[PDB]
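Chains as they are written, first to last, in the entry's author numbering: chain D, 31 to 124; chain H, 33 to 124; chain C, 14 to 118; chain G, 15 to 118; chain F, 19 to 102; chain B, 25 to 102; chain E, 38 to 135; chain A, 39 to 134.
Yeah, the Cβ is synthetic: ideal placement off N, Cα and C, and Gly gets one too.
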DNA sequence: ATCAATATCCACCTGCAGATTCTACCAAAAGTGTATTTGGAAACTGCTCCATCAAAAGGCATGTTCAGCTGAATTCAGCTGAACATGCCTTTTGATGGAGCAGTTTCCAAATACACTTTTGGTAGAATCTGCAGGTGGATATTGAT
DNA sequence: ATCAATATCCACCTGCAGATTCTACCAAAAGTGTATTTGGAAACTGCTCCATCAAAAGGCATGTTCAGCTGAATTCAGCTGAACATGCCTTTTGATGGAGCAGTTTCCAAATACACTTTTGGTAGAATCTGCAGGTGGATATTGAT
Ligand SMILES: [Cl-]
Ligand SMILES: [Cl-]
Ligand SMILES: [Mn+2]
Ligand SMILES: [Mn+2]
Ligand SMILES: [Mn+2]
Ligand SMILES: [Mn+2]
Ligand SMILES: [Mn+2]
Ligand SMILES: [Mn+2]
């Protein structure tokens, strides 16, 4: 039959992290999935455009970072860049 | 180097107004126009192909993209010109 | 075997984000750190929204988050409002706001 | 001989194809897609050039300057809509004064 | 099939008034309702137009929610909740 | 330094905008708005220049920034 | 008999519908309108109920926003009652059909 | 001789609407640009084309904003544009 | 209204540089011929879910009455902002040169793609569990009249 | 200033629709080996782009006078809100038939992949051609009073 993807389990993991005694409506979860996919498309799109601007054929974490700087507002961008750089540097220690 | 639609815009200009010249800045405007419309059509077509899980962009995607992006009359004439050029291209 | 998410210390799926990057035609090549970074950012934004919305849900004495709570969260936070200025949340509604001139004199 | 010639076009079919596939839009590009596209671009270019000439000298100037282009775009409804959020450099604005501001 | 006609009048005056109330409007001119019907008709026309364009590009005869979402996204009015 | 953009210039801009009569506070308000505009556009542009590992802000950086802002400008490369 | 003053019930309703989130346009008439427009664009089309709902959500959201801006336009002209002139102004500044 | 107040205004309007030239002087504007950019990145450098582009964008934006503003002044049965009008304009525009 | 006196605008003709247009030569696309994969149109059919219908009941739309207060119309003074003559100064033109970027290549370690195999996390189902919707009466709060 | 009439704020309870949890399949990461690019270090060069510096030519800051527009105040007709009786139609919830998605395969028209070959379009150069950009009489437009 049919198998569709979503960010539901991850959204629920993060939700349980921030508010252990809080549940979420399927509608609200739909809103969240739409949000994640939208931000995804924005970041990836901007990163694509920038990578294309400098004759580069590869989107590295740097392009993603600049994409975030462009798309996200002040503090949001700050903390986002923080979480990203953190995750990357932690990842490189395989 | 640098590549532009300069000579082509000039040829078309000589098609419509054979005794009319064009400023350099105006040629810049035209170049920017062709580039922008190009990116619009190609982008809308890419999204079109991604929506229906198609991994190739045919002239059909281009046509639908034109139908979306261009207002009525311009859209009609553009579609007809496009199909025309396609049939003539496949005529040889 | 370890998932790249666990290696990066993320809840969000690094592998899936990577596949979506490759299967979205943003570039012919994709760096090793790009999906990690991106997944981290998405996870963070998700976290922030879920936080503010959670608070809004506590304020209205509810255990479960509904789209209304998400709307209140977004619109009451300046930055999330700006990031979602051209976005409509279904069943969200609007912020309670009445122009002062309209009030009884 | 050239794909543009075989399509009866002035715009470069080959160049358009190359850009299309080198622009990260999709993995594969159809044979006729760049033809169609180049045709559309040539048509729009033609329209704008025509109107911008007609307007080029209702002002007695031969060379088409950005002003003439602006006049052509903004005087035509559909072109004005297509380029709704676009600024033509050195284009200026259309002569428009609100009747309320007029005396008597 | 029973012919559909003059359904813009289905959008009643009290409904428009409610939409105005949520918008924070206190007093409403009598000429407002028809104007609202017009604007709504234009908006809905554009959105549905693009949506159906997507629908028949997919060689489908059924308009899906995703067609509507893509249409709205293209119109500059992104909608969450039906994103699928 | 922002005061380099002065009353007669702003007046001329309003004239091209078809404005007949102008308040005094208008000029300061306009200086503010202009400041914000330049701040945003130049912000994005400088971001582009800095990703490109450059120290010279190009016209294309400005065009890209403008396009991103929703202010597409023809006649400078894009 | 009892009677509320003109404007009071209005503010009351403003608060009421600003507290809630339900759709304000009746469902079936809206579905009729959508099917009419769509049929005029293309014949023998069928809709997922989801699509109709999405259309209604988008529509009412749009109209509420436009009503907010319109209200601002009415307040700007030192008025309280919104008028077609106000809507036309809001639409023009927005750039919908200027 | 002395022109009745409001005529030279219409005159200027017709003139600058019929023209295409930049209305802000080059050097003050460029100075402002370099100042604003400097507090984003130290001792940057600009192409002449970049500055010119910025000026075109700025003047176009301000002219349009002044059009919508003027409309807002007309709407309130006035003729003189006010900061209030500009504010309404940008608030409807979505810039606020 | 159409008599004058400023000023303004316009339209004619005269004229070169600061730009346009038109040419003698070249790297890099663009085209051509020959194999190699493959996306997806075609076909068939399992399977949601869409269209449609029925019936009934109550939410709610519609139309009328009536008068409250809103917006439109008018008047008038005060002060805000346009017109203008005036005088200094920061603009614009423009010749420059020293240099510091930006753009170009040449190797090549490091990173990413590709291909196959193993593994499991993520999904679709069903079984299970529990906020809270939608009812209730009760004490406040607000609004209105007298 | 006080006392009804009515809308609204809550806390009560509780069964059910929607959310949560539990469990076998399996698409898709993940692991491992090997093929293929990639984007900056050294090394370099020539457009740009600055930074002074000497000048004029126009633009702006500035101060005075007043035309007239803005905004306060007052007035009143009429429109739009509030309350209600009337009854229609949108709900609600069920039950169908079947259209037409969408999962599964199955050949081939059409795309890609290098391998050479031909043409073109881009630069730096000559030999063009046109709108500024002044000067002048005449018709407009504007503002004042024979
Ligand atoms: Cl050197
Ligand atoms: Cl001149
Ligand atoms: Mn927490
Ligand atoms: Mn917490
Ligand atoms: Mn094709
Ligand atoms: Mn159930
Ligand atoms: Mn081969
Ligand atoms: Mn004459």
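Item	Value
Distance check for residue 50 of chain C and residue 115 of chain E, CA to CA, integer angstroms please.	52 Å
Flag residue 41 of chain A as yes if its beta-carbon sits less than 9 Å from any beta-carbon of chain B, otherwise no.	no
Could you tell me whether any Cβ in chain G is nearer than 9 Å to the Cβ of residue 61 of chain B?	no
Would you list the one or two residues that DSSP bridges to residue 98 of chain F?	C/102
Looking at residue 30 of chain C and residue 16 of chain C, is the spacing between their C-beta atoms short of 9 Å?	no
For a quick check, are the C-beta atoms of residue 119 of chain E and residue 65 of chain F less than 9 Å apart?	no
Where does residue 56 of chain C land, buried or exposed, given buried means 16+ other C-beta within 10 angstroms?	buried
How would you list, in chain order, the residues of chain G whose beta-carbon sits under 9 Å from the beta-carbon of residue 68 of chain A?	The contacting residues do not exist; residue 68 of chain A stays about 17 Å from chain G at best.
Which stretch, first to last residue, makes up the alpha helix (DSSP H) that contains residue 36 of chain D?	Here residue 36 of chain D belongs to no alpha helix (DSSP H), and DSSP marks it neither H nor E.
Can you tell me where the alpha helix (DSSP H) with residue 91 of chain H in it begins and where it stops?	91-101
Any heavy atom of ligand 5 within a distance shorter than 8 Å of the CB on residue 119 of chain H?	no
Measuring only the C-alpha atoms, how far is residue 69 of chain E from residue 29 of chain F?	10 Å
Need the endpoints of the alpha helix (DSSP H) that residue 76 of chain A sits in, please.	64-76
In three-state terms, what does DSSP make of residue 117 of chain A?	coil
On a CA-only basis, which of A/57, A/133, A/48 and A/124 is nearest residue 55 of chain B? Give me that one, please.	A/124
Could you check what DSSP says for residue 53 of chain D in three-state terms: helix, strand or coil?	strand
Can you tell me whether residue 80 of chain B is helix, strand or coil according to DSSP?	strand
Under a CB-based cut-off of 9 Å, is residue 22 of chain H close to chain B?	The structure shown does not extend to residue 22 of chain H, since chain H is modelled only from 33 to 124, so the question has no answer here.
Return yes when at least one heavy atom of ligand 3 lies under 8 Å from the C-beta of residue 48 of chain D, else no.	yes
Give the interface partners of residue 96 of chain A over in chain E, defined as CB-CB distance under 8 Å, in chain order.	Here the premise fails: no neighbours, minimum Cβ distance about 19 Å.
Check whether chain C comes within 9 Å of residue 91 of chain D, counting only Cβ atoms and requiring the distance to be less than that.	yes
Can you find a C-beta in chain G that's less than 9 Å from the C-beta of residue 45 of chain H?	yes
Would you say residue 71 of chain D and residue 96 of chain D are within 9 Å of each other, going by their C-beta atoms?	no
Are the CB atoms of residue 21 of chain C and residue 120 of chain D nearer to each other than 9 Å?	yes
If contacts are defined as beta-carbon pairs under 8 Å, then residue 83 of chain F and residue 88 of chain E qualify, I think. What distance do you get, rounded to the angstrom?	5 Å
Does the Cβ-Cβ distance between residue 128 of chain A and residue 103 of chain A come in under 9 Å?	yes
Between residue 65 of chain E and chain A, is any beta-carbon pair separated by less than 9 Å?	no
Which residue's Cα is closest to the Cα of residue 44 of chain E: E/122, E/117, E/130 and E/131?	E/117
Spatial neighbours of residue 117 of chain D within its chain, please: C-beta separation below 8 Å, excluding the five flanking residues on both sides.	none
If I'm right that residue 19 of chain G touches residue 52 of chain G with Cβ under 8 Å, what's the distance once you round it to whole angstroms?	12 Å between Cβ atoms; not a contact.
Just grab the DSSP bridge partners of residue 43 of chain G for me.	H/89
State the CB to CB distance for the pair residue 57 of chain F and residue 69 of chain F, rounded to an integer number of angstroms; the pair is presumed to be in contact (CB under 8 Å).	No, residue 57 of chain F and residue 69 of chain F are not in contact; Cβ-Cβ is about 18 Å, not under 8 Å.
Quick check on residue 55 of chain E - is its C-beta less than 9 Å from some C-beta in chain C?	yes
Just curious, the alpha helix (DSSP H) that residue 89 of chain C is in, first and last residue?	80-89
Between residue 103 of chain G and residue 98 of chain B, is the Cβ-Cβ spacing less than 9 Å?	yes
By how many angstroms is the C-alpha of residue 112 of chain C removed from the C-alpha of residue 77 of chain A?	38 Å
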